[PDB]
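Reproduced below: data-v3.cif, with mmCIF, N, CA and C atoms; chains and numbers go by the auth columns.
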```
data_target
loop_
_atom_site.group_PDB
_atom_site.id
_atom_site.type_symbol
_atom_site.label_atom_id
_atom_site.label_comp_id
_atom_site.label_asym_id
_atom_site.label_seq_id
_atom_site.Cartn_x
_atom_site.Cartn_y
_atom_site.Cartn_z
_atom_site.B_iso_or_equiv
_atom_site.auth_seq_id
_atom_site.auth_asym_id
ATOM 1 N N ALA A 1 74.884 95.641 105.451 0.00 1 Y
ATOM 2 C CA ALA A 1 76.230 95.404 104.944 0.00 1 Y
ATOM 3 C C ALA A 1 76.199 94.533 103.693 0.00 1 Y
ATOM 4 N N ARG A 2 77.314 94.503 102.970 0.00 2 Y
ATOM 5 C CA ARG A 2 77.414 93.710 101.751 0.00 2 Y
ATOM 6 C C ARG A 2 78.851 93.253 101.515 0.00 2 Y
ATOM 7 N N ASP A 3 79.073 92.568 100.399 0.00 3 Y
ATOM 8 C CA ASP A 3 80.402 92.076 100.055 0.00 3 Y
ATOM 9 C C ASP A 3 81.003 92.886 98.911 0.00 3 Y
ATOM 10 N N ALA A 4 82.266 93.272 99.065 0.00 4 Y
ATOM 11 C CA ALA A 4 82.956 94.050 98.046 0.00 4 Y
ATOM 12 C C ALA A 4 84.418 94.270 98.418 0.00 4 Y
ATOM 13 N N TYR A 5 85.117 95.062 97.613 0.00 5 Y
ATOM 14 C CA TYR A 5 86.526 95.349 97.857 0.00 5 Y
ATOM 15 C C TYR A 5 86.683 96.510 98.835 0.00 5 Y
ATOM 16 N N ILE A 6 87.583 96.345 99.799 0.00 6 Y
ATOM 17 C CA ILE A 6 87.831 97.378 100.795 0.00 6 Y
ATOM 18 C C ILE A 6 88.656 98.519 100.212 0.00 6 Y
ATOM 19 N N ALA A 7 88.232 99.749 100.483 0.00 7 Y
ATOM 20 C CA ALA A 7 88.933 100.926 99.988 0.00 7 Y
ATOM 21 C C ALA A 7 90.067 101.326 100.926 0.00 7 Y
ATOM 22 N N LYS A 8 91.096 101.956 100.370 0.00 8 Y
ATOM 23 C CA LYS A 8 92.243 102.392 101.157 0.00 8 Y
ATOM 24 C C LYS A 8 92.650 103.813 100.784 0.00 8 Y
ATOM 25 N N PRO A 9 93.513 104.420 101.613 0.00 9 Y
ATOM 26 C CA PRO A 9 94.000 105.784 101.389 0.00 9 Y
ATOM 27 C C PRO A 9 94.937 105.876 100.189 0.00 9 Y
ATOM 28 N N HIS A 10 94.436 106.440 99.094 0.00 10 Y
ATOM 29 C CA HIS A 10 93.066 106.940 99.050 0.00 10 Y
ATOM 30 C C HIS A 10 92.346 106.441 97.802 0.00 10 Y
ATOM 31 N N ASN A 11 91.173 105.847 97.999 0.00 11 Y
ATOM 32 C CA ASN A 11 90.385 105.325 96.888 0.00 11 Y
ATOM 33 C C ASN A 11 91.150 104.234 96.144 0.00 11 Y
ATOM 34 N N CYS A 12 92.053 103.564 96.852 0.00 12 Y
ATOM 35 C CA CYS A 12 92.851 102.498 96.259 0.00 12 Y
ATOM 36 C C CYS A 12 92.391 101.132 96.759 0.00 12 Y
ATOM 37 N N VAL A 13 92.645 100.099 95.962 0.00 13 Y
ATOM 38 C CA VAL A 13 92.259 98.741 96.324 0.00 13 Y
ATOM 39 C C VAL A 13 93.314 98.086 97.208 0.00 13 Y
ATOM 40 N N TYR A 14 92.886 97.118 98.011 0.00 14 Y
ATOM 41 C CA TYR A 14 93.795 96.412 98.908 0.00 14 Y
ATOM 42 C C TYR A 14 94.304 95.126 98.267 0.00 14 Y
ATOM 43 N N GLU A 15 95.420 95.230 97.551 0.00 15 Y
ATOM 44 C CA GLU A 15 96.011 94.076 96.886 0.00 15 Y
ATOM 45 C C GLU A 15 96.482 93.042 97.906 0.00 15 Y
ATOM 46 N N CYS A 16 96.009 91.811 97.752 0.00 16 Y
ATOM 47 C CA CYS A 16 96.378 90.730 98.659 0.00 16 Y
ATOM 48 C C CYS A 16 97.440 89.831 98.030 0.00 16 Y
ATOM 49 N N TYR A 17 98.464 89.502 98.809 0.00 17 Y
ATOM 50 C CA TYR A 17 99.546 88.650 98.328 0.00 17 Y
ATOM 51 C C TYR A 17 99.356 87.211 98.798 0.00 17 Y
ATOM 52 N N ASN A 18 98.693 87.050 99.938 0.00 18 Y
ATOM 53 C CA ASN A 18 98.444 85.727 100.497 0.00 18 Y
ATOM 54 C C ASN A 18 96.980 85.331 100.324 0.00 18 Y
ATOM 55 N N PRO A 19 96.645 84.811 99.133 0.00 19 Y
ATOM 56 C CA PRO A 19 95.281 84.380 98.814 0.00 19 Y
ATOM 57 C C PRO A 19 94.871 83.130 99.585 0.00 19 Y
ATOM 58 N N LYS A 20 95.857 82.323 99.961 0.00 20 Y
ATOM 59 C CA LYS A 20 95.601 81.095 100.705 0.00 20 Y
ATOM 60 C C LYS A 20 95.728 81.334 102.206 0.00 20 Y
ATOM 61 N N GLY A 21 95.534 82.582 102.622 0.00 21 Y
ATOM 62 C CA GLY A 21 95.630 82.920 104.030 0.00 21 Y
ATOM 63 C C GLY A 21 94.513 83.838 104.484 0.00 21 Y
ATOM 64 N N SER A 22 94.540 84.215 105.758 0.00 22 Y
ATOM 65 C CA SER A 22 93.518 85.092 106.317 0.00 22 Y
ATOM 66 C C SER A 22 93.966 86.549 106.266 0.00 22 Y
ATOM 67 N N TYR A 23 94.801 86.870 105.284 0.00 23 Y
ATOM 68 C CA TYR A 23 95.307 88.229 105.124 0.00 23 Y
ATOM 69 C C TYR A 23 94.163 89.214 104.911 0.00 23 Y
ATOM 70 N N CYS A 24 93.483 89.084 103.777 0.00 24 Y
ATOM 71 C CA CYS A 24 92.366 89.962 103.451 0.00 24 Y
ATOM 72 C C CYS A 24 91.259 89.845 104.494 0.00 24 Y
ATOM 73 N N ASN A 25 91.030 88.626 104.972 0.00 25 Y
ATOM 74 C CA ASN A 25 89.999 88.378 105.973 0.00 25 Y
ATOM 75 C C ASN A 25 90.203 89.268 107.195 0.00 25 Y
ATOM 76 N N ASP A 26 91.380 89.168 107.803 0.00 26 Y
ATOM 77 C CA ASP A 26 91.701 89.965 108.982 0.00 26 Y
ATOM 78 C C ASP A 26 91.570 91.456 108.682 0.00 26 Y
ATOM 79 N N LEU A 27 92.212 91.897 107.607 0.00 27 Y
ATOM 80 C CA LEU A 27 92.168 93.300 107.211 0.00 27 Y
ATOM 81 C C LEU A 27 90.729 93.761 107.002 0.00 27 Y
ATOM 82 N N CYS A 28 89.911 92.888 106.424 0.00 28 Y
ATOM 83 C CA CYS A 28 88.511 93.204 106.168 0.00 28 Y
ATOM 84 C C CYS A 28 87.764 93.460 107.474 0.00 28 Y
ATOM 85 N N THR A 29 87.902 92.535 108.420 0.00 29 Y
ATOM 86 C CA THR A 29 87.240 92.659 109.712 0.00 29 Y
ATOM 87 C C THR A 29 87.736 93.887 110.467 0.00 29 Y
ATOM 88 N N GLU A 30 88.952 94.320 110.150 0.00 30 Y
ATOM 89 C CA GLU A 30 89.540 95.485 110.801 0.00 30 Y
ATOM 90 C C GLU A 30 88.673 96.722 110.592 0.00 30 Y
ATOM 91 N N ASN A 31 87.857 96.695 109.542 0.00 31 Y
ATOM 92 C CA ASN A 31 86.976 97.814 109.230 0.00 31 Y
ATOM 93 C C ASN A 31 85.536 97.503 109.632 0.00 31 Y
ATOM 94 N N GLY A 32 85.377 96.569 110.565 0.00 32 Y
ATOM 95 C CA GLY A 32 84.052 96.194 111.021 0.00 32 Y
ATOM 96 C C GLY A 32 83.400 95.161 110.125 0.00 32 Y
ATOM 97 N N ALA A 33 84.213 94.474 109.328 0.00 33 Y
ATOM 98 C CA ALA A 33 83.708 93.452 108.420 0.00 33 Y
ATOM 99 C C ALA A 33 83.576 92.107 109.126 0.00 33 Y
ATOM 100 N N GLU A 34 82.650 91.282 108.649 0.00 34 Y
ATOM 101 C CA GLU A 34 82.423 89.967 109.238 0.00 34 Y
ATOM 102 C C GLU A 34 83.483 88.973 108.772 0.00 34 Y
ATOM 103 N N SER A 35 83.946 89.145 107.539 0.00 35 Y
ATOM 104 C CA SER A 35 84.958 88.261 106.971 0.00 35 Y
ATOM 105 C C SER A 35 85.615 88.900 105.751 0.00 35 Y
ATOM 106 N N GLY A 36 86.516 88.157 105.116 0.00 36 Y
ATOM 107 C CA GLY A 36 87.203 88.666 103.942 0.00 36 Y
ATOM 108 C C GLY A 36 88.095 87.625 103.296 0.00 36 Y
ATOM 109 N N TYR A 37 88.391 87.816 102.014 0.00 37 Y
ATOM 110 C CA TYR A 37 89.237 86.884 101.279 0.00 37 Y
ATOM 111 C C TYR A 37 89.866 87.560 100.065 0.00 37 Y
ATOM 112 N N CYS A 38 90.951 86.978 99.567 0.00 38 Y
ATOM 113 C CA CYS A 38 91.648 87.521 98.408 0.00 38 Y
ATOM 114 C C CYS A 38 90.872 87.242 97.125 0.00 38 Y
ATOM 115 N N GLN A 39 90.477 88.306 96.434 0.00 39 Y
ATOM 116 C CA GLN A 39 89.728 88.174 95.190 0.00 39 Y
ATOM 117 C C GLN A 39 90.649 88.311 93.982 0.00 39 Y
ATOM 118 N N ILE A 40 90.608 87.320 93.098 0.00 40 Y
ATOM 119 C CA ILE A 40 91.438 87.330 91.900 0.00 40 Y
ATOM 120 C C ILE A 40 90.667 87.875 90.703 0.00 40 Y
ATOM 121 N N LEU A 41 89.378 87.564 90.643 0.00 41 Y
ATOM 122 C CA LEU A 41 88.529 88.023 89.551 0.00 41 Y
ATOM 123 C C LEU A 41 88.179 89.498 89.716 0.00 41 Y
ATOM 124 N N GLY A 42 89.204 90.329 89.884 0.00 42 Y
ATOM 125 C CA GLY A 42 88.984 91.755 90.050 0.00 42 Y
ATOM 126 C C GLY A 42 89.354 92.546 88.811 0.00 42 Y
ATOM 127 N N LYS A 43 88.530 93.532 88.474 0.00 43 Y
ATOM 128 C CA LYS A 43 88.774 94.366 87.303 0.00 43 Y
ATOM 129 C C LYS A 43 90.139 95.042 87.391 0.00 43 Y
ATOM 130 N N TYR A 44 90.606 95.264 88.614 0.00 44 Y
ATOM 131 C CA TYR A 44 91.897 95.903 88.836 0.00 44 Y
ATOM 132 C C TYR A 44 92.916 94.902 89.373 0.00 44 Y
ATOM 133 N N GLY A 45 92.680 93.623 89.099 0.00 45 Y
ATOM 134 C CA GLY A 45 93.584 92.586 89.561 0.00 45 Y
ATOM 135 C C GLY A 45 93.160 91.998 90.892 0.00 45 Y
ATOM 136 N N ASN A 46 94.131 91.754 91.766 0.00 46 Y
ATOM 137 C CA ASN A 46 93.852 91.187 93.080 0.00 46 Y
ATOM 138 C C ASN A 46 93.427 92.273 94.063 0.00 46 Y
ATOM 139 N N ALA A 47 92.190 92.181 94.539 0.00 47 Y
ATOM 140 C CA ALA A 47 91.662 93.155 95.487 0.00 47 Y
ATOM 141 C C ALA A 47 91.126 92.468 96.738 0.00 47 Y
ATOM 142 N N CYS A 48 91.352 93.088 97.891 0.00 48 Y
ATOM 143 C CA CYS A 48 90.892 92.536 99.161 0.00 48 Y
ATOM 144 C C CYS A 48 89.368 92.510 99.222 0.00 48 Y
ATOM 145 N N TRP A 49 88.804 91.310 99.275 0.00 49 Y
ATOM 146 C CA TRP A 49 87.356 91.148 99.338 0.00 49 Y
ATOM 147 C C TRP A 49 86.884 91.022 100.782 0.00 49 Y
ATOM 148 N N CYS A 50 85.812 91.733 101.115 0.00 50 Y
ATOM 149 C CA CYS A 50 85.260 91.700 102.464 0.00 50 Y
ATOM 150 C C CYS A 50 83.802 91.248 102.445 0.00 50 Y
ATOM 151 N N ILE A 51 83.420 90.461 103.444 0.00 51 Y
ATOM 152 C CA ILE A 51 82.053 89.963 103.542 0.00 51 Y
ATOM 153 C C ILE A 51 81.322 90.595 104.720 0.00 51 Y
ATOM 154 N N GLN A 52 80.088 91.030 104.480 0.00 52 Y
ATOM 155 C CA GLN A 52 79.282 91.653 105.523 0.00 52 Y
ATOM 156 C C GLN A 52 79.902 92.970 105.977 0.00 52 Y
ATOM 157 N N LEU A 53 80.336 93.776 105.015 0.00 53 Y
ATOM 158 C CA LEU A 53 80.949 95.066 105.316 0.00 53 Y
ATOM 159 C C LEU A 53 79.888 96.151 105.471 0.00 53 Y
ATOM 160 N N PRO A 54 80.028 96.967 106.527 0.00 54 Y
ATOM 161 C CA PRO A 54 79.092 98.059 106.812 0.00 54 Y
ATOM 162 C C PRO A 54 79.198 99.192 105.796 0.00 54 Y
ATOM 163 N N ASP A 55 78.066 99.818 105.496 0.00 55 Y
ATOM 164 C CA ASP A 55 78.031 100.920 104.540 0.00 55 Y
ATOM 165 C C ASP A 55 78.870 102.094 105.035 0.00 55 Y
ATOM 166 N N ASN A 56 79.341 101.997 106.274 0.00 56 Y
ATOM 167 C CA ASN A 56 80.155 103.052 106.867 0.00 56 Y
ATOM 168 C C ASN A 56 81.578 103.016 106.318 0.00 56 Y
ATOM 169 N N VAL A 57 82.001 101.840 105.865 0.00 57 Y
ATOM 170 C CA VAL A 57 83.340 101.670 105.313 0.00 57 Y
ATOM 171 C C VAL A 57 83.341 101.876 103.801 0.00 57 Y
ATOM 172 N N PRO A 58 84.345 102.614 103.305 0.00 58 Y
ATOM 173 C CA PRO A 58 84.485 102.900 101.875 0.00 58 Y
ATOM 174 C C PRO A 58 84.867 101.662 101.070 0.00 58 Y
ATOM 175 N N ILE A 59 84.482 101.645 99.799 0.00 59 Y
ATOM 176 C CA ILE A 59 84.787 100.521 98.923 0.00 59 Y
ATOM 177 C C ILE A 59 85.513 100.985 97.665 0.00 59 Y
ATOM 178 N N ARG A 60 86.087 100.034 96.935 0.00 60 Y
ATOM 179 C CA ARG A 60 86.810 100.345 95.708 0.00 60 Y
ATOM 180 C C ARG A 60 85.864 100.886 94.641 0.00 60 Y
ATOM 181 N N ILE A 61 86.075 102.138 94.250 0.00 61 Y
ATOM 182 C CA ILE A 61 85.240 102.773 93.237 0.00 61 Y
ATOM 183 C C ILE A 61 86.060 103.146 92.006 0.00 61 Y
ATOM 184 N N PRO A 62 85.368 103.346 90.874 0.00 62 Y
ATOM 185 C CA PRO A 62 86.011 103.713 89.609 0.00 62 Y
ATOM 186 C C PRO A 62 86.572 105.131 89.632 0.00 62 Y
ATOM 187 N N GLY A 63 87.565 105.355 90.488 0.00 63 Y
ATOM 188 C CA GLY A 63 88.172 106.669 90.591 0.00 63 Y
ATOM 189 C C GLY A 63 89.685 106.605 90.659 0.00 63 Y
ATOM 190 N N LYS A 64 90.319 107.766 90.783 0.00 64 Y
ATOM 191 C CA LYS A 64 91.773 107.840 90.860 0.00 64 Y
ATOM 192 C C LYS A 64 92.254 107.635 92.293 0.00 64 Y
ATOM 193 N N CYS A 65 93.352 106.903 92.445 0.00 65 Y
ATOM 194 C CA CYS A 65 93.916 106.633 93.762 0.00 65 Y
ATOM 195 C C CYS A 65 95.005 107.645 94.105 0.00 65 Y
ATOM 196 N N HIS A 66 95.316 107.759 95.392 0.00 66 Y
ATOM 197 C CA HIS A 66 96.340 108.690 95.852 0.00 66 Y
ATOM 198 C C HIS A 66 97.443 108.842 94.809 0.00 66 Y
#
```
As C-alpha cells, please, write out the structure in this file.
Amino acid sequence: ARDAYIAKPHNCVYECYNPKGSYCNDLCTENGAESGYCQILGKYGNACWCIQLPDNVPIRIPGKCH
C-alpha cells in the first residue's frame, strides 16, 4: 500500500471540506486505508489523502471525471 488521493465515481478526486477533522481519514479507511487527511497541496485543489492504501483501491489519475 501507499499514500495518495482516493478516487471516486468516476475518476474524480475526493474534495475535503473539513481539513481539521477526520473527514478524509474516515473516508480513506472506508476503502481499506490505514488513515487519511485533507490535502491542500493538490494539483486539483483539495483532495482526500489516504495513508497505507491498498493497490486494490483506485487513485486520482490525470483523466476525465464523470
Could you tell me, as a PDB file with N, CA and C atoms, in the coordinates of the input, which residues of range 1-61 of chain Y DSSP assigns to strand (DSSP E or B) when given the backbone?
```pdb
ATOM      1  N   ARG Y   2      77.314  94.503 102.970  1.00  0.00           N
ATOM      2  CA  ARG Y   2      77.414  93.710 101.751  1.00  0.00           C
ATOM      3  C   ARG Y   2      78.851  93.253 101.515  1.00  0.00           C
ATOM      4  N   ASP Y   3      79.073  92.568 100.399  1.00  0.00           N
ATOM      5  CA  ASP Y   3      80.402  92.076 100.055  1.00  0.00           C
ATOM      6  C   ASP Y   3      81.003  92.886  98.911  1.00  0.00           C
ATOM      7  N   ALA Y   4      82.266  93.272  99.065  1.00  0.00           N
ATOM      8  CA  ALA Y   4      82.956  94.050  98.046  1.00  0.00           C
ATOM      9  C   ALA Y   4      84.418  94.270  98.418  1.00  0.00           C
ATOM     10  N   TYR Y   5      85.117  95.062  97.613  1.00  0.00           N
ATOM     11  CA  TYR Y   5      86.526  95.349  97.857  1.00  0.00           C
ATOM     12  C   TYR Y   5      86.683  96.510  98.835  1.00  0.00           C
ATOM     13  N   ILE Y   6      87.583  96.345  99.799  1.00  0.00           N
ATOM     14  CA  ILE Y   6      87.831  97.378 100.795  1.00  0.00           C
ATOM     15  C   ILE Y   6      88.656  98.519 100.212  1.00  0.00           C
ATOM     16  N   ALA Y   7      88.232  99.749 100.483  1.00  0.00           N
ATOM     17  CA  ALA Y   7      88.933 100.926  99.988  1.00  0.00           C
ATOM     18  C   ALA Y   7      90.067 101.326 100.926  1.00  0.00           C
ATOM     19  N   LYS Y   8      91.096 101.956 100.370  1.00  0.00           N
ATOM     20  CA  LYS Y   8      92.243 102.392 101.157  1.00  0.00           C
ATOM     21  C   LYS Y   8      92.650 103.813 100.784  1.00  0.00           C
ATOM     22  N   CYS Y  12      92.053 103.564  96.852  1.00  0.00           N
ATOM     23  CA  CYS Y  12      92.851 102.498  96.259  1.00  0.00           C
ATOM     24  C   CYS Y  12      92.391 101.132  96.759  1.00  0.00           C
ATOM     25  N   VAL Y  13      92.645 100.099  95.962  1.00  0.00           N
ATOM     26  CA  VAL Y  13      92.259  98.741  96.324  1.00  0.00           C
ATOM     27  C   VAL Y  13      93.314  98.086  97.208  1.00  0.00           C
ATOM     28  N   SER Y  35      83.946  89.145 107.539  1.00  0.00           N
ATOM     29  CA  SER Y  35      84.958  88.261 106.971  1.00  0.00           C
ATOM     30  C   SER Y  35      85.615  88.900 105.751  1.00  0.00           C
ATOM     31  N   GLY Y  36      86.516  88.157 105.116  1.00  0.00           N
ATOM     32  CA  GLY Y  36      87.203  88.666 103.942  1.00  0.00           C
ATOM     33  C   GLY Y  36      88.095  87.625 103.296  1.00  0.00           C
ATOM     34  N   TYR Y  37      88.391  87.816 102.014  1.00  0.00           N
ATOM     35  CA  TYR Y  37      89.237  86.884 101.279  1.00  0.00           C
ATOM     36  C   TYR Y  37      89.866  87.560 100.065  1.00  0.00           C
ATOM     37  N   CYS Y  38      90.951  86.978  99.567  1.00  0.00           N
ATOM     38  CA  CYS Y  38      91.648  87.521  98.408  1.00  0.00           C
ATOM     39  C   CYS Y  38      90.872  87.242  97.125  1.00  0.00           C
ATOM     40  N   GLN Y  39      90.477  88.306  96.434  1.00  0.00           N
ATOM     41  CA  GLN Y  39      89.728  88.174  95.190  1.00  0.00           C
ATOM     42  C   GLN Y  39      90.649  88.311  93.982  1.00  0.00           C
ATOM     43  N   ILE Y  40      90.608  87.320  93.098  1.00  0.00           N
ATOM     44  CA  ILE Y  40      91.438  87.330  91.900  1.00  0.00           C
ATOM     45  C   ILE Y  40      90.667  87.875  90.703  1.00  0.00           C
ATOM     46  N   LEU Y  41      89.378  87.564  90.643  1.00  0.00           N
ATOM     47  CA  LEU Y  41      88.529  88.023  89.551  1.00  0.00           C
ATOM     48  C   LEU Y  41      88.179  89.498  89.716  1.00  0.00           C
ATOM     49  N   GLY Y  42      89.204  90.329  89.884  1.00  0.00           N
ATOM     50  CA  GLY Y  42      88.984  91.755  90.050  1.00  0.00           C
ATOM     51  C   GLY Y  42      89.354  92.546  88.811  1.00  0.00           C
ATOM     52  N   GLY Y  45      92.680  93.623  89.099  1.00  0.00           N
ATOM     53  CA  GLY Y  45      93.584  92.586  89.561  1.00  0.00           C
ATOM     54  C   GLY Y  45      93.160  91.998  90.892  1.00  0.00           C
ATOM     55  N   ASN Y  46      94.131  91.754  91.766  1.00  0.00           N
ATOM     56  CA  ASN Y  46      93.852  91.187  93.080  1.00  0.00           C
ATOM     57  C   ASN Y  46      93.427  92.273  94.063  1.00  0.00           C
ATOM     58  N   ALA Y  47      92.190  92.181  94.539  1.00  0.00           N
ATOM     59  CA  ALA Y  47      91.662  93.155  95.487  1.00  0.00           C
ATOM     60  C   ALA Y  47      91.126  92.468  96.738  1.00  0.00           C
ATOM     61  N   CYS Y  48      91.352  93.088  97.891  1.00  0.00           N
ATOM     62  CA  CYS Y  48      90.892  92.536  99.161  1.00  0.00           C
ATOM     63  C   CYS Y  48      89.368  92.510  99.222  1.00  0.00           C
ATOM     64  N   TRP Y  49      88.804  91.310  99.275  1.00  0.00           N
ATOM     65  CA  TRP Y  49      87.356  91.148  99.338  1.00  0.00           C
ATOM     66  C   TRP Y  49      86.884  91.022 100.782  1.00  0.00           C
ATOM     67  N   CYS Y  50      85.812  91.733 101.115  1.00  0.00           N
ATOM     68  CA  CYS Y  50      85.260  91.700 102.464  1.00  0.00           C
ATOM     69  C   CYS Y  50      83.802  91.248 102.445  1.00  0.00           C
ATOM     70  N   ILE Y  51      83.420  90.461 103.444  1.00  0.00           N
ATOM     71  CA  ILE Y  51      82.053  89.963 103.542  1.00  0.00           C
ATOM     72  C   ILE Y  51      81.322  90.595 104.720  1.00  0.00           C
ATOM     73  N   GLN Y  52      80.088  91.030 104.480  1.00  0.00           N
ATOM     74  CA  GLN Y  52      79.282  91.653 105.523  1.00  0.00           C
ATOM     75  C   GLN Y  52      79.902  92.970 105.977  1.00  0.00           C
ATOM     76  N   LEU Y  53      80.336  93.776 105.015  1.00  0.00           N
ATOM     77  CA  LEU Y  53      80.949  95.066 105.316  1.00  0.00           C
ATOM     78  C   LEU Y  53      79.888  96.151 105.471  1.00  0.00           C
ATOM     79  N   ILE Y  59      84.482 101.645  99.799  1.00  0.00           N
ATOM     80  CA  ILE Y  59      84.787 100.521  98.923  1.00  0.00           C
ATOM     81  C   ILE Y  59      85.513 100.985  97.665  1.00  0.00           C
TER      82      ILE Y  59
END
```
Skip range 9-18 of chain Y itself and residues of its chain fewer than 3 positions away, then list as a ChimeraX atom specification all residues within 7 Å of it, counting only C-alpha atoms. /Y:5-6,21,23-24,38,46-48,60-61,63-66
Output the selection as an mmCIF file, in the frame of the given file - N, CA and C atoms for each residue.
```
data_model
loop_
_atom_site.group_PDB
_atom_site.id
_atom_site.type_symbol
_atom_site.label_atom_id
_atom_site.label_comp_id
_atom_site.auth_asym_id
_atom_site.auth_seq_id
_atom_site.Cartn_x
_atom_site.Cartn_y
_atom_site.Cartn_z
ATOM 1 N N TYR Y 5 85.117 95.062 97.613
ATOM 2 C CA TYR Y 5 86.526 95.349 97.857
ATOM 3 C C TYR Y 5 86.683 96.510 98.835
ATOM 4 N N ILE Y 6 87.583 96.345 99.799
ATOM 5 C CA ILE Y 6 87.831 97.378 100.795
ATOM 6 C C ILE Y 6 88.656 98.519 100.212
ATOM 7 N N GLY Y 21 95.534 82.582 102.622
ATOM 8 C CA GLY Y 21 95.630 82.920 104.030
ATOM 9 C C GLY Y 21 94.513 83.838 104.484
ATOM 10 N N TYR Y 23 94.801 86.870 105.284
ATOM 11 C CA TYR Y 23 95.307 88.229 105.124
ATOM 12 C C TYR Y 23 94.163 89.214 104.911
ATOM 13 N N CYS Y 24 93.483 89.084 103.777
ATOM 14 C CA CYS Y 24 92.366 89.962 103.451
ATOM 15 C C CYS Y 24 91.259 89.845 104.494
ATOM 16 N N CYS Y 38 90.951 86.978 99.567
ATOM 17 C CA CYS Y 38 91.648 87.521 98.408
ATOM 18 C C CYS Y 38 90.872 87.242 97.125
ATOM 19 N N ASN Y 46 94.131 91.754 91.766
ATOM 20 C CA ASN Y 46 93.852 91.187 93.080
ATOM 21 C C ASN Y 46 93.427 92.273 94.063
ATOM 22 N N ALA Y 47 92.190 92.181 94.539
ATOM 23 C CA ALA Y 47 91.662 93.155 95.487
ATOM 24 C C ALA Y 47 91.126 92.468 96.738
ATOM 25 N N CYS Y 48 91.352 93.088 97.891
ATOM 26 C CA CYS Y 48 90.892 92.536 99.161
ATOM 27 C C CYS Y 48 89.368 92.510 99.222
ATOM 28 N N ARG Y 60 86.087 100.034 96.935
ATOM 29 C CA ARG Y 60 86.810 100.345 95.708
ATOM 30 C C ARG Y 60 85.864 100.886 94.641
ATOM 31 N N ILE Y 61 86.075 102.138 94.250
ATOM 32 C CA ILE Y 61 85.240 102.773 93.237
ATOM 33 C C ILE Y 61 86.060 103.146 92.006
ATOM 34 N N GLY Y 63 87.565 105.355 90.488
ATOM 35 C CA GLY Y 63 88.172 106.669 90.591
ATOM 36 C C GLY Y 63 89.685 106.605 90.659
ATOM 37 N N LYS Y 64 90.319 107.766 90.783
ATOM 38 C CA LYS Y 64 91.773 107.840 90.860
ATOM 39 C C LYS Y 64 92.254 107.635 92.293
ATOM 40 N N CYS Y 65 93.352 106.903 92.445
ATOM 41 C CA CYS Y 65 93.916 106.633 93.762
ATOM 42 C C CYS Y 65 95.005 107.645 94.105
ATOM 43 N N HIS Y 66 95.316 107.759 95.392
ATOM 44 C CA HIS Y 66 96.340 108.690 95.852
ATOM 45 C C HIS Y 66 97.443 108.842 94.809
#
```
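Those residues positioned at most 8 Å from (81.0, 87.0, 102.8) are residues 2, 3, 4, 34, 35, 36, 37, 49, 50, 51, 52 and 53 of chain Y, judged using all atoms listed in the file.
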Could you work out how far CA of residue 1 in chain Y lies from CA of residue 26 in chain Y, giving the answer in Å with one decimal?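 Result for CA of residue 26 in chain Y versus CA of residue 1 in chain Y: 16.9 Å, one decimal.
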When DSSP works through the backbone of this structure, what residues of chain Y end up as helix (DSSP H, G or I), shown as a ChimeraX atom specification? /Y:23-29
Residue nearest residue 7 in chain Y - candidates Y:57, Y:62, Y:32, Y:22, atoms counted: all atoms listed in the file: Y:57
Separation of CA of residue 54 in chain Y and atom C of residue 31 in chain Y, in Å? 7.1 Å
Atom pair CA of residue 19 in chain Y / CA of residue 39 in chain Y: separation (Å): 7.6 Å
Any chance you could turn range 24-35 of chain Y into a file with N, CA and C atoms, as a PDB file, in the first residue's frame?
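The resulting file, selection.pdb, is reproduced below:
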```pdb
ATOM      1  N   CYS Y  24     -11.620  13.090   5.710  1.00  0.00           N
ATOM      2  CA  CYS Y  24     -10.868  12.318   4.728  1.00  0.00           C
ATOM      3  C   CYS Y  24     -10.339  11.025   5.341  1.00  0.00           C
ATOM      4  N   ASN Y  25      -9.909  11.104   6.595  1.00  0.00           N
ATOM      5  CA  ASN Y  25      -9.379   9.940   7.297  1.00  0.00           C
ATOM      6  C   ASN Y  25     -10.381   8.790   7.276  1.00  0.00           C
ATOM      7  N   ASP Y  26     -11.580   9.049   7.786  1.00  0.00           N
ATOM      8  CA  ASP Y  26     -12.628   8.035   7.825  1.00  0.00           C
ATOM      9  C   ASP Y  26     -12.930   7.511   6.424  1.00  0.00           C
ATOM     10  N   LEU Y  27     -13.176   8.429   5.495  1.00  0.00           N
ATOM     11  CA  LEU Y  27     -13.479   8.060   4.117  1.00  0.00           C
ATOM     12  C   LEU Y  27     -12.358   7.215   3.520  1.00  0.00           C
ATOM     13  N   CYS Y  28     -11.119   7.565   3.850  1.00  0.00           N
ATOM     14  CA  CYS Y  28      -9.959   6.838   3.349  1.00  0.00           C
ATOM     15  C   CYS Y  28      -9.974   5.390   3.830  1.00  0.00           C
ATOM     16  N   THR Y  29     -10.151   5.208   5.135  1.00  0.00           N
ATOM     17  CA  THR Y  29     -10.185   3.875   5.723  1.00  0.00           C
ATOM     18  C   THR Y  29     -11.356   3.065   5.181  1.00  0.00           C
ATOM     19  N   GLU Y  30     -12.394   3.762   4.729  1.00  0.00           N
ATOM     20  CA  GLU Y  30     -13.577   3.106   4.185  1.00  0.00           C
ATOM     21  C   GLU Y  30     -13.212   2.227   2.992  1.00  0.00           C
ATOM     22  N   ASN Y  31     -12.083   2.536   2.361  1.00  0.00           N
ATOM     23  CA  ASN Y  31     -11.621   1.776   1.205  1.00  0.00           C
ATOM     24  C   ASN Y  31     -10.477   0.842   1.589  1.00  0.00           C
ATOM     25  N   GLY Y  32     -10.398   0.510   2.874  1.00  0.00           N
ATOM     26  CA  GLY Y  32      -9.348  -0.373   3.350  1.00  0.00           C
ATOM     27  C   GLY Y  32      -8.057   0.365   3.641  1.00  0.00           C
ATOM     28  N   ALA Y  33      -8.155   1.681   3.807  1.00  0.00           N
ATOM     29  CA  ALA Y  33      -6.985   2.502   4.094  1.00  0.00           C
ATOM     30  C   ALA Y  33      -6.685   2.528   5.589  1.00  0.00           C
ATOM     31  N   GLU Y  34      -5.416   2.727   5.930  1.00  0.00           N
ATOM     32  CA  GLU Y  34      -4.999   2.771   7.326  1.00  0.00           C
ATOM     33  C   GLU Y  34      -5.330   4.124   7.950  1.00  0.00           C
ATOM     34  N   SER Y  35      -5.263   5.175   7.139  1.00  0.00           N
ATOM     35  CA  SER Y  35      -5.550   6.525   7.611  1.00  0.00           C
ATOM     36  C   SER Y  35      -5.818   7.464   6.440  1.00  0.00           C
TER      37      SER Y  35
END
```
